[PDB]
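Undergrad: opening piece of a complex, kept in its complex position:
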Amino acid sequence: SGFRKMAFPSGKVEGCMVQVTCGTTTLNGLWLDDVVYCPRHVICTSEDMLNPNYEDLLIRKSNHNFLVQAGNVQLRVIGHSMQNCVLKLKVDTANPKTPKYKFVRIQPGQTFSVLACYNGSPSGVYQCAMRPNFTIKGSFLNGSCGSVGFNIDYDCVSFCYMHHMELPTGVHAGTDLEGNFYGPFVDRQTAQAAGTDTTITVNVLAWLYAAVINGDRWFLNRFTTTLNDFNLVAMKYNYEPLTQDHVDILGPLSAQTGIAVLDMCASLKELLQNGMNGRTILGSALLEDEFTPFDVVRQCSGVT
């Protein structure tokens, strides 16, 4: 037993991290096959960020202006293009460490592991979730743009995120590996306030089921509720509406503990209205929403 925010092993992804420099700007790039993916703002000078015209800026750039370095060996750039907000640098060498991969655009509420990088070097790995407002609460400094978010399906790396921006609230913005930002964020140095960050209700329910599996059962009561009654209380606390599909997704957790989904919703309603009263669940004093029901089932079974 035990419950932790566990990230996927980062080994396969580490073998893909490279350093991309353009002018005085160095950031991280994802080297897959003979392509290096990186946030297109690598071409901007700090003044250009204020109101950038990426196509105009990119006209002044040639292949030899992008320095790509995998460890300490320099890679030769033989082509460059812009796809949405990512530059794809075709190199003369295919990454021999390229794992089996996919580019996925994840749904809000889904989780992924981040391999935070500086100068093409992996520094740390941690778990994140795409918030319902399309921001992520990561840990990024200057030099971290180009860090990637990913999941692993046994041996296939599903890249879902690339870090590009820090927002005024301290949260982060990024794109899928096709250069499209999640949400309404643009790669411009302008204040882009995020929307209301709602709670991923299904994830909280999955983590309350993980808490039951672990031995923390103080919050379980003798009450039940209905989807409609639950959503009246969830809406008040900025919780995402609960659907029958969410109830079905919770199936293996509801069966494992023997506790009905609606019975757990009733316990969540009482935690929302009455608080934790100084108590904790899985060592947390608040309701955790960054474990999808898949993460909980995986951790409480034995998947690798």
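TA: Nice, I can see it. Numbering: from 1, shown residues only, chains lettered A, B, ... in the order given.
Undergrad: what about stretch A:120-131, how long is it end to end?
TA: By C-alpha to C-alpha, to the nearest Å, the extent of stretch A:120-131 from end to end equals 26 Å.
Undergrad: buried ones in it?
TA: Using 16 or more other C-beta atoms under 10 Å as the test for burial, stretch A:120-131 gives A:120, A:122, A:125, A:127, A:128, A:129, A:130, A:131. Heads up, the C-betas are built off the backbone N, CA and C, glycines and all.
Undergrad: nearest to residue A:23 among the residues you listed?
TA: residue A:120 (16.6 Å; C-beta to C-beta).
Undergrad: isn't the closest one right up against residue A:18?
TA: Yes: here residue A:120 reaches residue A:18: they are 4.7 Å apart, a contact under C-beta atoms under 8 Å.
Undergrad: quick check: neighbours shared by the two?
TA: A:28, A:29, A:69, A:70 (C-beta atoms under 8 Å, 6 or more residues apart in numbering).
Undergrad: for the third one, what are phi and psi?
TA: Right, residue A:69. phi -130, psi 120 (degrees, to the nearest 10).
Undergrad: burial of it, as a residue count?
TA: Residues near residue A:69, counting by other C-beta atoms under 10 Å, number 16.
Undergrad: so how far is residue A:44 from the closest residue to it other than its chain neighbours?
TA: The spatial neighbour of residue A:69 that comes closest, neighbours along the chain excluded (C-beta to C-beta, 6 or more residues apart in numbering), is residue A:19 at 4.4 Å. Between residue A:19 and residue A:44 the distance is 17 Å, computed by C-beta to C-beta, to the nearest Å.
Undergrad: higher neighbour count, these two?
TA: A direct count of neighbours by other C-beta under 10 Å for residue A:19 and residue A:44 places residue A:19 higher, at 25 against 21.
Undergrad: am I right that that one is in contact with residue A:73?
TA: No: Residue A:19 is beyond contact range of residue A:73, at 10.9 Å (criterion: C-beta under 8 Å).
Undergrad: contacting residues around residue A:146?
TA: Contacts of residue A:146 (C-beta under 8 Å, 6+ apart): A:20, A:27, A:28, A:29, A:30, A:37, A:38, A:39, A:42, A:117, A:162, A:163.
Undergrad: from the residues you listed, pick the one nearest residue A:105.
TA: Using C-beta to C-beta, these come closest to residue A:105 at residue A:162, 11.5 Å.
Undergrad: following the chain onward from whichever strand or helix holds the closest one, which element is next?
TA: Residue A:162 belongs to strand A:156-166 when assigned by DSSP states H and E. Sequence order places strand A:172-175 as the next helix or strand after strand A:156-166, per DSSP H and E.
Undergrad: so what touches that next one?
TA: Residues outside strand A:172-175 that contact it (C-beta under 8 Å, 6+ apart): A:39, A:84-86, A:134-138, A:140, A:149, A:161-167, A:181-183, A:185, A:192.
Undergrad: mind giving me the PyMOL select for these, buried ones only?
TA: If you want just the buried ones from the contacts of strand A:172-175 in PyMOL, going by 16+ other C-beta under 10 Å, the selection is:
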select buried, chain A and resi 39+85+86+134+135+136+138+140+149+161+162+163+164+165+166+167+181+182+183+185+192
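Undergrad: wait, a helix at residue A:116?
TA: No: under DSSP: H, G, I helix; E, B strand; the rest coil, residue A:116 sits outside any helix and is assigned strand.
Undergrad: and for it, the neighbour number?
TA: Residue A:116: 20 neighbours (other C-beta under 10 Å).
Undergrad: report the separation between it and residue A:161.
TA: 12 Å.
Undergrad: residue A:245 too?
TA: Shown here: residue A:245 relative to residue A:161, a distance of 24 Å by C-beta to C-beta.
Undergrad: chain B next, sequence below:
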Amino acid sequence: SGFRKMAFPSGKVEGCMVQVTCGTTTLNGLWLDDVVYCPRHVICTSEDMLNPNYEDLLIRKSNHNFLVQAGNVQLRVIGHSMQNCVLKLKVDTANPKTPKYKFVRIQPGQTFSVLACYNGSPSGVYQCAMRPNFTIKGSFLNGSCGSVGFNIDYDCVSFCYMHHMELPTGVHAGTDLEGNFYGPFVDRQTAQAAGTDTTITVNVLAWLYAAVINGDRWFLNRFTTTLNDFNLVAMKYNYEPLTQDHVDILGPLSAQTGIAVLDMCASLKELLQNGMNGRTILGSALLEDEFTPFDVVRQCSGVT
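TA: With chain B now in place:
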């Protein structure tokens, strides 16, 4: 900006994980050079665990009784020995993925990354800390024994922990890579209640400094304290005593924010006596003690 429980990249460690089977028991092993390290309880049957005599049990075992598998290739065991609570299986092949390494016995309060494994396969990575009572709050299931705890000094992996036991409270027990358990734990299926788990005060101070760096300054007050006055309040809340060495360790964080260590102790005293009042610090509703001051400085600087 942003603050997360970040683990070191697990790539170097993944290349060392193998599966060790003995009888019907399969667990994980650490393959470094021509040696495979594993918890010696791999030789026990579930009945043997009740009161094991490891030397007697190990007499009935030969090299051919230990099955070592690195991925899907079988490794040949040409020697076996017991060192404290770890079996060292000498194999005929040196691990070509062996990174530069060290075996360290960490101090209580120190942190490390865990690469949780099942059948020699890495499943997840997360950060842990050695509690002052020598337990860890990990996430382990059956098949996870032999999972390792480690730190990385640029390119050198310092292995500090090997998972062996789950304790009645749900916490875990393990050994350093020389087979000595941290704490008074023994590899026997007997109830071994842990001692009082105290709070690593210095780690909470480092994480309160990280919170200031991040923009969360609500808890900062106009008060100060002395080491002796702070420790009177810390003792009451089961907090570890604060020494001048802890104050010195906090140096780069105290300089970075400009806030004296004793001024931050005063804010910690008010958080202890008055609680959080429904507020949060770095998205947590309780005082986090699993970021050493080194982790905080590292995350709030740019180390890889």
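Undergrad: re-run the earlier check on the contacts of strand A:172-175 with chain B in the model.
TA: By C-beta atoms under 8 Å, 6 or more residues apart in numbering or on different chains, the list of residues contacting strand A:172-175 from outside reads A:39, A:84-86, A:134-138, A:140, A:149, A:161-167, A:181-183, A:185, A:192, B:2.
Undergrad: now do stretch A:258-275
TA: With C-beta under 8 Å, 6+ apart, stretch A:258-275 has contacts from A:201, A:204-205, A:208-209, A:212, A:219-221, A:223-227, A:229-230, A:233-234, A:237, A:239, A:242, A:247, A:250, A:254, A:287, B:278.
Undergrad: 6 Å instead, please
TA: With C-beta atoms under 6 Å, 6 or more residues apart in numbering or on different chains as the test, stretch A:258-275 has contacts from A:205, A:208, A:219-221, A:223-225, A:230, A:233, A:237, A:247, A:250, A:254.
Undergrad: beta partners of the nearest residue to residue A:42 once chain neighbours are set aside?
TA: Nearest non-adjacent residue to residue A:42, counting by C-beta to C-beta, 6 or more residues apart in numbering or on different chains: residue A:22, 4.5 Å away. Listed by DSSP bridges, the beta-bridge partners for residue A:22 are residue A:25, residue A:66.
Undergrad: ok, now which ones touch residue A:22?
TA: Contacts of residue A:22 by C-beta under 6 Å, 6+ apart are A:42, A:43, A:66.
Undergrad: what about it, distance to chain B?
TA: 19 Å (C-beta to the nearest C-beta, to the nearest Å).
Undergrad: please apply the same query to residue A:129.
TA: For residue A:129, the distance to chain B equals 12 Å [C-beta to the nearest C-beta].
Undergrad: what kind of secondary structure is the closest residue to that residue other than its chain neighbours in?
TA: Closest residue in space to residue A:129, ignoring its immediate chain neighbours: residue A:290 at 4.1 Å, by C-beta to C-beta, 6+ apart. Classification of residue A:290 using three-state DSSP returns coil.
Undergrad: surely residue A:132 touches residue A:108?
TA: Yes: with contact defined as C-beta atoms under 6 Å, residue A:132 reaches residue A:108; the gap is 4.7 Å.
Undergrad: compare these two and say which is more crowded by neighbours.
TA: residue A:132 (21 against 16; other C-beta atoms under 10 Å in any protein chain shown).
Undergrad: so which helix or strand takes in the more buried one?
TA: Using DSSP H and E, no helix or strand contains residue A:132.
Undergrad: ok, now which ones touch it?
TA: A:108, A:198, A:240.
Undergrad: same thing with residue A:224?
TA: Counting by C-beta under 6 Å, 6+ apart, the residues that residue A:224 touches are A:262, A:263, A:266.
Undergrad: any idea which element it lies in?
TA: Judged by DSSP H and E, residue A:224 forms part of no helix or strand.
Undergrad: distance check, it against chain B.
TA: For residue A:224 relative to chain B (C-beta to the nearest C-beta), the value is 27 Å.
Undergrad: and for residue A:202?
TA: Distance from residue A:202 to chain B, by C-beta to the nearest C-beta: 19 Å.
Undergrad: can I see the domain layout of chain A?
TA: According to curated CATH domains, chain A comprises the domains A:1-14+A:100-197, A:15-99, A:198-301.
Undergrad: in helices only, show me the contacts of residue A:224.
TA: A:262, A:263, A:266 (DSSP state H).
Undergrad: in strands only, show me the contacts of residue A:132.
TA: Among the contacts of residue A:132, no residue falls in strands (DSSP state E).
Undergrad: in JSON lines, list these along with distance to chain B.
TA: Listed next are those as JSON lines, based on distance: C-beta to the nearest C-beta, whole Å:
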{"residue": "A:108", "distance to chain B": "18"}
{"residue": "A:198", "distance to chain B": "15"}
{"residue": "A:240", "distance to chain B": "18"}
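Undergrad: picking up where we left off before, and for the residue nearest to residue A:129, the neighbour number?
TA: With other C-beta under 10 Å as criterion, residue A:290 counts 20.
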